[PDB]
Amino acid sequence: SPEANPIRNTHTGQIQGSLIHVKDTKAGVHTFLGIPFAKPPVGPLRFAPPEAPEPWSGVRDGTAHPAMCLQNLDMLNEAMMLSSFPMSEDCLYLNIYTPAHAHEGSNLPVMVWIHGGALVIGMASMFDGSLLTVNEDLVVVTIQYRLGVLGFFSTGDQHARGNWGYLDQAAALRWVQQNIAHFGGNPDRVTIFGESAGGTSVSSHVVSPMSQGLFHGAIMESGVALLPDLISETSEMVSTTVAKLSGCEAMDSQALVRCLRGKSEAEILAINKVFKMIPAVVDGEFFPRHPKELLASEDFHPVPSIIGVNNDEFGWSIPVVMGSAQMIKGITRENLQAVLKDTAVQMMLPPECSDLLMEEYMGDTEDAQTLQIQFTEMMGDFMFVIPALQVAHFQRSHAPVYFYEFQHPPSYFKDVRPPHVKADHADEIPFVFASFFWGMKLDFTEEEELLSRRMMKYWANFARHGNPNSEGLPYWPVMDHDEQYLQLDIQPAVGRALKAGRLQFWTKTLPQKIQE
Ligand SMILES: NC(=O)c1cccnc1
Ligand SMILES: NC(=O)c1cccnc1
Ligand SMILES: [Cl-]
């Protein structure tokens, strides 16, 4: 029988969790919250690799959510007295959801969720794994990792190599290998999954040599390792911005890192506040080479993967949160050329390419509303769709890739945002978790409940077998030379060669015009 207050072993000592959802489910869920997977990255461990967590005597309380990593709460709120929730540099914790029948040796598949938030916001407690664990009989782990300046500050040299947050994620995955059997998970059957910066994180583990053997499958929702804003060949803009805001100017790398280690949490938060996103670098430990080189390597051996995108990734929430929404509403045929020259610069293209962008996405269009929708379409393709299609192409010659486009505009958002918005950024997450953030219930239509049951079963079948297919689910073909992908909506359908024209434009036509 499941205990009300179950006690489990870890390498660092015993922990007590909770039994929940006994009434509204068959046989309930065990939660174990706030488990340390690394030593707190404070004092000299700020801008240093994660180190082994300390052992304890007695039974650790696993009934409270951990502190979130330091982040800008205004931005997290744009994405509720979040000021009452604990926030600390001491934030390297993970949460576990298990079916209440699980014990040492149950050998259930494990799914490890890596949250998004552009590597500057988010927390594990936002994602309640309870319904995924009970509906699909698996262990769900939600992890934290250092965010913003504390996660991704680099000097480009030995004093701060960078990618602290990715090293944290790998430390959490090593904890899962070491400990998950004590909670009834099979460490040989771990799937990493994540959305947006979390998808980028997952895709980054898929290429990182020191992450190999920490997982057996990968699910990348609306983000991969080539998401342009989250990967950089230079450390220079971030480090010079941080030196200026911190008052640690006119210092070498060694003195800059020493100066930044003396800063309080409040001083770090004030420096951190300007970053709406922060990139990973080629740090040498996590990425020995740029992800594009690792993906193209003849020695690349990716795990089986699901990779997918939504049909309106830049439709509403990203431009609103990033503060580009006002500029977009200002687009007309009169200023379009100037907007596309500015956009070309942000895309790291020559501003001469603005005419090619205009012809590809806007053509002869005059209507301002249509131009603004074409602009968001272009941004979504550049940031999410083309990178996803490129990574899927690099992987699928080595290992199974199942590709999806999620298309369903959620019923509960119809009155909250413009009616032209289709499946926005993050719209698929509640279909995978069968709940909104913090496990809050949603008024799904009957049709939406079926799409959620299907997506949960595809994901869990993939966690079990590296193949999403099973009886009663529409057949999802593996991605091969026919470029097949599953269109996820109320009536799922198979498509071929998603946005093949756009892929030709971005990967062949546009680089040819640049070469000239
Ligand atoms: N939410 C995210 O992780 C995100 C949003 C925009 C850009 N990159 C990442
Ligand atoms: N129509 C709008 O208000 C809008 C908001 C955000 C992005 N694009 C358009
Ligand atoms: Cl510790």
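As a convention, Cβ positions derive from the backbone with ideal geometry for all residues, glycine included, and neighbour counts pool all protein chains shown. Taken together, the values in this text are just the output of simple stated rules run on the coordinates, not laboratory data.
Among the listed pairs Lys244/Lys276; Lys23/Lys414; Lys414/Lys457; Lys341/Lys414; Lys26/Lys457; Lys341/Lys513, which are separated by more than 22 Å between their Cα atoms? In this structure, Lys23/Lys414; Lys414/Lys457; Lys341/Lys414 lie more than 22 Å apart at Cα.
Which value, in debye to the nearest 20, describes the size of the charge dipole of the range 43-177 about its Cα centre when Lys and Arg Cβ atoms bear +1, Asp and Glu Cβ atoms bear -1, and nothing else is charged?
Numbers: 5 positive and 13 negative charges, 50 e Å.
In debye, rounded to 20, the range 43-177 gives about 240.
Modelled label positions at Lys441 and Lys414, each set 7 Å beyond Cα in the direction of Cβ, lie 2.1 nm from each other.
Taking the average, over residues, of other Cβ atoms within 10 Å as the packing measure, peptides 177-189, 410-422 rank 177-189, 410-422 from highest down. With each label modelled as a point 7 angstrom along the Cα→C-beta vector, the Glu3-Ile490 pair spans 4.8 nm.
Note on the range 165-209 and the range 371-385: Cα centroid distance 31 Å, given to the nearest whole angstrom. Evaluate the relative contact order of the range 355-424 (contact order divided by residue number), counting alpha-carbon pairs under 8 angstrom at least 6 apart; express in whole percent. Reported relative contact order: 18 percent.
Only beta bridges with both residues in the chain are counted; by DSSP, about 35 percent of them are antiparallel. Distance between the C-alpha centres of the range 241-311 and the range 318-359: 26 Å, rounded to the whole angstrom. Loop-located GluC sites (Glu not before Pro) in the range 220-281 (DSSP state not H, G, I, E or B) with no more than 16 neighbouring Cβ atoms inside 10 Å: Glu233, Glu249. A simple packing score, the average count of other Cβ atoms within 10 Å per residue, orders the peptides 128-135, 351-358, 451-458 as 128-135, 451-458, 351-358, with the highest score first.
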